[PDB]
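Spelled out, the chains give:
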Amino acid sequence: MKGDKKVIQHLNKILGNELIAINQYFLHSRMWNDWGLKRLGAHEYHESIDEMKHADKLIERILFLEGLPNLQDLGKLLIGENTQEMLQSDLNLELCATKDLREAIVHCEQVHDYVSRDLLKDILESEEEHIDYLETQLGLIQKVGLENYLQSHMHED
Amino acid sequence: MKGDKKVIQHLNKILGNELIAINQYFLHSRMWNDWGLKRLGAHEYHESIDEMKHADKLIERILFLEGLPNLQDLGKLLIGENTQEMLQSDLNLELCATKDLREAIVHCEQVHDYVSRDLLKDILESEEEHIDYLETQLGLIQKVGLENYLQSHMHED
Amino acid sequence: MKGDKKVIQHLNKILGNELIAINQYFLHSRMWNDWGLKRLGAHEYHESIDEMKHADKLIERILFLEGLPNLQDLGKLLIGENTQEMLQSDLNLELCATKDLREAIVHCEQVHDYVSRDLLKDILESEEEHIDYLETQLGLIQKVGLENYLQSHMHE
Amino acid sequence: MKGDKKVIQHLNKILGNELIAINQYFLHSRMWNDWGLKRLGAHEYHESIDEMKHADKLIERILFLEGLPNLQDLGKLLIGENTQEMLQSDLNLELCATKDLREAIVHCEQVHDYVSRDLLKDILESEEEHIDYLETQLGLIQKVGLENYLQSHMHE
Amino acid sequence: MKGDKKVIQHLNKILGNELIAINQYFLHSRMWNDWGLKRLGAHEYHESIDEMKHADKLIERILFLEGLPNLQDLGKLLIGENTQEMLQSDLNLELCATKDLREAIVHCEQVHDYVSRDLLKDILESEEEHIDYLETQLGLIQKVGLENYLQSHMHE
Amino acid sequence: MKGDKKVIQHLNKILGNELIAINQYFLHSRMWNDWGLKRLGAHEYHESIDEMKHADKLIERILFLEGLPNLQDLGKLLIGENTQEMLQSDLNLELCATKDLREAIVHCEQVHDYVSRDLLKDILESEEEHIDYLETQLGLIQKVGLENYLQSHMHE
Ligand code: HEM
Ligand code: HEM
Ligand code: HEM
Ligand SMILES: [K+]
Ligand SMILES: [K+]
Ligand code: NA
Ligand code: NA
Ligand code: NA
Ligand code: NA
Ligand code: NA
Ligand code: NA
Ligand code: NA
């Protein structure tokens, strides 16, 4: 095993978080499509795809380091019952994810695994972009009203 | 809830099987790429993508029937340690999957859910194609020898 | 030095107004984008760019007239806290800007600097178009309601 | 408010440096064009545009972190009176800017704001490329002589 | 001079490793071509080219920092006598060379040379990709057998 | 082994000369680029690339003849401190290189290795073209003066 054992543990923890997000965002996407809120459904689908790509890169890095990627343990999905709950639940997940990313980066730096650190910083930038999106949507609900906000997400771009 | 309760249970069971296959095939794909067996890695990636598409269609059908798609419960991945074990483990998973598909189809027919039956028959045809592929690969190992078989899967098409 | 000294003072005053407007509109643009009101953010960015182009022409004219362009003194930015305040603040700024432009044109005419007058008249036409836009947006808020007005500016 | 308060102070300090550089380089550009040294004018315009783009990214990051971008305080422009002074003034400004960038990156690292650190590192790479350019121009003046150096920058 | 003296020493040490790798990989490439293992010859040629490009970037950074690039001291090449030995020798070089890159990055971080650190991190990612390639080839020899492995590298 | 042992010694001597020139010309190129003499930098880069191609052909020929190419022993680089020293150092190196080429050709002819002779004659033609270029550049410094000569090599 060529990589640092705790680095591999951290990468598997980030991978676990991405696996939760893949499933939660994919279900939320399809719930929004089922309700006819196709613009939200499409955007949330692309969020799910982006998490899938991050998970791929984490799996490839873990194998290069001769660790074992853990795709078996799936943590808790928090599926909302309406749009505001779904957005907030995504946001709560992202805030936990960025906490775990920052701890992983600290450890990669300490053991000089600079390539793993760069991979995680790239993922972190993407997750912060997702936080930006989510906070913006919740703010729009307040500025334009829920009924208008949902109306604006019926039809795709 | 507009759909038959047991139909929705069956669709969630098939969905559960697809979720196992997504992860097992994706990891097997990336293990083969890590070993430099890129033709196997590419083929197994496309198998994983195909299971993702089946899972999407099952989720959409469950929501239309006003059921709750279960993306939370992930069953047992059986990750092989070498090519022959990985192929056999995929094959064992597919044989369980087709058993469950046939039971689901029997029940859809009994309660006259002909659209759900057609969706499952489409998935079943794809899974039998995957069995065809897997049985063929294991037979090739015997006909050309393991070392030649692996050699033939180093470079992509 | 070929230029009239008071013409150069006037041109530097107009330049100072443009420099305030560049920064106020740019910040308002990025606030609207942060809030997800991308159509307002995009329009306000283009207003900021237009002020940048006016400032460029003023700098070039001042240098031709052998004056010293003043980019050092930045007057008061009035940043609003919500859409209605941001639009009204831009409008208040534009009304001050057009007052100064008219006084500058009067002086250019008196000392026969007709090319500077023509430059300032082109800038004034642009600033009056911006007043038109701002008064129209504030009127639309009254006609369609605030929530609908904001909704119509979410998407570009 | 998600952002670290001292990170936002640092980002506003870097923003303040960019705002000085935007105006100093833009004026230097238009001075060089007025003098007929169009190749210097064009290059310096592009330096001003690059600083504008950095300021934009800083404003956007500050707003994401729920801070208040400061476009109101404009520090000291040091406008040169001839080409050699203008280049050295830009270089003095860039050396101050890189010192502040390094101090900002240290603090971002300490509080684990790695995305802000990455933004500042990209800006720092751009500012060090500008130092490279400036040191090269000042060296060329010594190697080819001032008159030849200016001659080579008449035409674009 | 602007650069930290130990940073420049570290960059010259990395440059020295790249210069060994250029020549070792180029000779290994031409040995594989002479033996008719053209797929290995072509891949190894591209590894040598990639090291040449890294060397270029390091030379440019050393000169910007006002250090003296050292292309005179060439360290020890380890030339294999068959395919297995050549791949092992490349891997030995890469493992020793990535250790030096990590030590250089630690020092850049300590003295706040973040641009040098970023350059070395880009090179390090490339060298780890080469380690990935080399370990994979040695594993394929085990999995498919040496004769099949070489057969698969006859044709481009 | 098919090759004449002294032919292989001569080919390895010529290869050693090319390896010196690759590194000397590459560093001179990057020094000229650092100084903003980009036309000299580009031309010198191309000279380095041409020596790389000659080295490749020599390596291939040695391996065909069942000799061992020597990429380990790197002779003395003579790096100039300014343009006139750099050009003269390149010229001195080329004059040594052509002396060795002629002695290698004499020996190839004596032992009837006409294909090695032809390869060396093709290299010699390229090195004489480089001598032509270098002598011309030193002559231009005298004819147009150093400051004008350097000015003419600022822009590509
Ligand atoms: C281990 C977890 C997963 C990984 C690593 C993963 C990876 C990927 C990747 C790399 C792609 C290609 C994206 C692109 O290049 O644009 C993809 C596509 C896709 N994935 Fe996933 N995925 C995972 C789980 C899932 C799940 C659980 C679902 C749905 C329930 C899903 C649904 C999809 C769909 C619908 C596509 C697009 C298929 C198409 O091209 O038609 N994925 N996935
Ligand atoms: C807060 C301060 C400023 C910011 C954030 C800013 C930002 C920008 C940005 C992002 C662009 C587009 C650049 C590109 O994408 O190529 C731009 C264009 C430009 N800016 Fe600024 N700018 C600022 C101040 C100024 C000032 C004070 C002036 C002149 C006195 C100026 C002159 C220009 C010009 C001439 C253009 C090109 C317009 C065109 O496309 O015709 N900027 N600015
Ligand atoms: C044994 C020594 C070397 C050999 C045989 C060699 C050979 C080559 C060859 C054949 C090329 C392709 C040229 C073409 O076809 O146009 C090349 C490219 C190049 N070489 Fe070398 N080289 C050597 C050492 C070096 C060194 C020491 C440096 C710099 C320190 C260097 C820098 C470059 C660069 C920058 C390129 C262009 C690569 C690109 O942009 O794709 N090389 N070399
Ligand atoms: K509405
Ligand atoms: K075979
Ligand atoms: Na519905
Ligand atoms: Na936001
Ligand atoms: Na079959
Ligand atoms: Na109006
Ligand atoms: Na320089
Ligand atoms: Na491997
Ligand atoms: Na000549």
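Residues numbered from 1 in each chain as written, not as in the entry; some residues may be left out. Chains lettered and ligands numbered in written order. Part of a larger assembly, values for the part shown. Heavy atoms only, no water. Residues with missing side-chain atoms left out of burial classes, pairs and counts.

Definition in use: UniProt positions are given in the numbering used here, feature names are shortened, and annotations may be inferred rather than shown by experiment.
Chain C carries the name Bacterioferritin in the PDB entry, which gives Pseudomonas aeruginosa as its organism. Reading the Subcellular location entry of the UniProt record for chain C gives the comment "Cytoplasm".

As annotated in the PDB entry, chain A carries the name Bacterioferritin and comes from Pseudomonas aeruginosa. UniProt's Subcellular location comment on chain A is quoted here verbatim: "Cytoplasm".

Things to note about helix α3 (residues 83-110) of chain B
All names here are of chain B. Condition: For helices the rule is a DSSP run of H or I covering at least 4 residues; for strands it is a run of E covering at least 2, with both sets numbered from the N terminus onward. By this rule, a helix spans an expected 1.5 Å times one less than how many residues it contains. For the purposes of these results, a polar contact is taken to be a pair of N or O atoms within 3.5 Å, where, inside protein, one atom must be able to donate a hydrogen and its partner to accept one; residues adjacent in sequence count only when each atom of the pair is a side-chain atom.
Taking 1.5 Å as the rise per residue, α3 with 28 residues should run 40 Å; its terminal C-alpha atoms sit 41 Å apart, in good agreement. For α3, the N-terminal cap is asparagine 82; the gap from its side-chain oxygen to the backbone nitrogen of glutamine 84 is 3.3 Å. Positive phi appears at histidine 112, one or two residues downstream of α3, with a value of about 70 degrees.

Looking at the interface of chain E and chain F
How large an interface is tends to be reported as the accessible area lost when its parts come together. The test is simple: In what follows, residue pairs with any heavy atoms lying within 4.5 Å of each other are defined as contacts. Simply put, the buried area is the total loss of 1.4 Å probe accessible area from both parts when two parts are fitted together. The salt bridge criterion pairs a side-chain nitrogen of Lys or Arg with a carboxyl oxygen of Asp or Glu, the two atoms within 4 Å. Classification used: nonpolar for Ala, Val, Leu, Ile, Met, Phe, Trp, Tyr, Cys and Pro, charged for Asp, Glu, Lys and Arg, polar for all others including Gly.
Chain E puts 18 residues into the contact, and the matching count from chain F is 18 residues. Both sides together, the interface formed by chain E and chain F hides about 1700 Å², and carbon and sulfur atoms give 63% of it. In terms of surface lost to chain F, no three residues of chain E exceed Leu63, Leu71 and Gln72 of chain E, which account for 32% of the buried area on that side. When the shortest N-O distance is used, the salt bridge between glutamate 60 of chain F and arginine 30 of chain E registers 3.9 Å. On inspection of chain E and its partner chain F, the count reaches eight residue pairs in polar contact. Looking at the side of chain E that touches chain F, the elements with two or more residues in it are α1 (5-34) and α2 (38-64) of chain E. The dominant element in the side of chain E that touches chain F, judged by the number of residues it contributes, is α1 of chain E, at six residues. Its residues assigned to classes, the side of chain E that touches chain F comprises 10 nonpolar, three polar and five charged.

Some points on the UniProt feature "binding site: K(+)" in chain A
On the UniProt side, "binding site: K(+)" is annotated at positions that read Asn148 and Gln151 of chain A here. By secondary structure assignment, the location of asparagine 148 of chain A is in helix α5 (residues 146-151). Apart from the residues lying within four places of it in its own chain, the contact partners of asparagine 148 of chain A are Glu147, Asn148 and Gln151 of chain C. With respect to the helices, strands and loops of the structure, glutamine 151 of chain A is situated in helix α5.

Section: the interface of chain A and chain C
Taken together, the contact pairs 12 residues of chain A with 10 residues of chain C. Carbon and sulfur atoms make up 55% of the area that chain A and chain C hide from each other, which totals about 970 Å². Contact with chain C buries surface across chain A, with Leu140, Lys143 and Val144 of chain A losing the most and accounting together for 47% of the total. Here chain A is connected to chain C by zero salt bridges.

Re the relation of the copies chain E and chain F
Stated formally: A least-squares superposition on the C-alpha atoms brings the copies into a common frame.
Taken as rigid bodies, chain E and chain F are interconverted by a rotation of 180 degrees and an axial shift of 0.1 Å, the fit giving an RMSD of 0.1 Å. Taken together, the rotation and translation describe the operation of a two-fold axis. Minimal C-alpha distance to the rotation axis in chain E is attained by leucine 74 of chain E, lying at 3.4 Å. A share of 100% of interface residues in chain E that are also interface residues in chain F marks the association as one of identical surfaces.

Section: helix α1 (residues 5-34) of chain B
All names here are of chain B. In this model, α1 (30 residues) spans 44 Å end to end at C-alpha, consistent with the 44 Å of a helix rising 1.5 Å per residue. The N-terminus of α1 is capped by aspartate 4, whose side-chain oxygen sits 2.9 Å from the backbone nitrogen of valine 7. Looking one or two residues past α1, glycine 36 carries a phi angle of roughly 85 degrees, positive in sign.

Concerning the coordination of the iron atom of ligand 1
Put simply, the test is: Each metal site is built from N, O and S donor atoms within 2.8 Å (3.2 Å for Na, K and Ca), and since water is not included, such sites may look incomplete. The rule is simple: four donors are tetrahedral if all their angles sit between 85 and 135 degrees, four are square planar and six octahedral if opposite donors span more than 155 degrees and the others lie between 65 and 115, and anything that fits none of that is irregular. Partly exposed describes any residue whose relative accessible area lies between the buried limit of under 20% and the exposed limit of over 50%, with all areas from a 1.4 Å probe on protein chains only and scaled to the type maximum.
The protein atoms that coordinate the iron atom of ligand 1 are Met52 of chain A (SD) and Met52 of chain B (SD), at distances spanning 2.2 to 2.6 Å. For the iron atom of ligand 1, the six donor atoms in the first shell make angles of 82 to 179 degrees at the metal, so the coordination geometry reads as octahedral. Of this pair, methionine 52 of chain A sits in helix α2 (residues 38-64) while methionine 52 of chain B sits in helix α2 (residues 38-64), on two different chains. In this structure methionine 52 of chain B comes out as partly exposed when scored by relative accessible area, which is 22%.

Structural notes on empty space enclosed by the protein
Using the following cut-off: Within this scheme a cavity is a closed region of a 1 Å grid, computed over the protein atoms alone, that accommodates a 1.4 Å probe without allowing it to escape, whereas a pocket is open but has protein on both sides within 12 Å along at least five of seven lines; lining residues each have an atom within 4 Å of a point. Grid points are joined across faces, edges and corners, and a volume is the space filled by probe spheres set on the points.
The space that makes up the largest cavity amounts to roughly 70 Å³. Those elements that provide at least two residues to the lining of the largest cavity are α1 (5-34) and α3 (83-110) of chain F. Looking at the second largest cavity, its volume works out to about 60 Å³. In terms of lining, the second largest cavity is formed by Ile14, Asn17, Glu18, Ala21, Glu51, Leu93, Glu94, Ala97, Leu101 and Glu127 of chain E. When residues of the lining of the second largest cavity are traced back to their parent elements, those giving at least two are α1 and α3 (83-111) of chain E. Among the residues forming the lining of the second largest cavity, the class breakdown is five nonpolar, one polar and four charged.

Structural notes on the site of ligand 1
What counts is decided by this rule: Think of it this way: one heavy atom of a residue within 4 Å of a molecule or strand is enough to make that residue near it.
In the neighbourhood of ligand 1, 17 residues make up the surrounding shell, with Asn23, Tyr45 and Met52 of chain A together with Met52 and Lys53 of chain B lying closest. More than one chain lines the surroundings of ligand 1; the residues nearby belong to chains A and B. Across the shell around ligand 1, the residue classes break down as 13 nonpolar, two polar and two charged.

A look at the UniProt feature "binding site: Fe(2+) Fe2" in chain C
All names here are of chain C. With numbering matched to this structure, UniProt assigns "binding site: Fe(2+) Fe2" to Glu51, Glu94, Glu127 and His130. What stands out for the annotated residues spanning 80 residues is how close their C-alpha atoms remain, the widest pair being 11.1 Å apart. On the basis of relative accessible area, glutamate 51 is assigned to the buried category, the value being 4%. In this structure, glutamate 51 is in contact with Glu18, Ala21, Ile22, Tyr25, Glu94 and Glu127, ignoring residues within four places of it in sequence. When near neighbours in sequence (up to four residues on either side) are disregarded, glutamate 127 contacts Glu18, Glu51, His54, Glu94, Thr98 and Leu101.

What to know about the coordination of the sodium ion (ligand 10)
Residue and element names in this part refer to chain D. The coordination sphere of the sodium ion (ligand 10) contains the protein donors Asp132 (OD) and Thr136 (OG1), at a distance range of 2.4 to 2.5 Å. Remark: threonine 136 and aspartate 132 occur in helix α4 (residues 114-144); sequence separation between them is four residues, near one turn of the helix. With relative accessibility at 31%, the residue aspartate 132 sits in the partly exposed group.

Observations regarding the site of ligand 3
What surrounds ligand 3 is a group of 18 residues, the closest being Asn23, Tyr45 and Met52 of chain E together with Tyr45 and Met52 of chain F. The environment of ligand 3 is shared, with nearby residues belonging to chains E and F. Elements that contribute at least two residues to the shell around ligand 3 include exactly α1 and α2 of chain E together with α1 and α2 (38-64) of chain F. For the shell around ligand 3, the leading source of residues is α2 of chain E, giving six residues.

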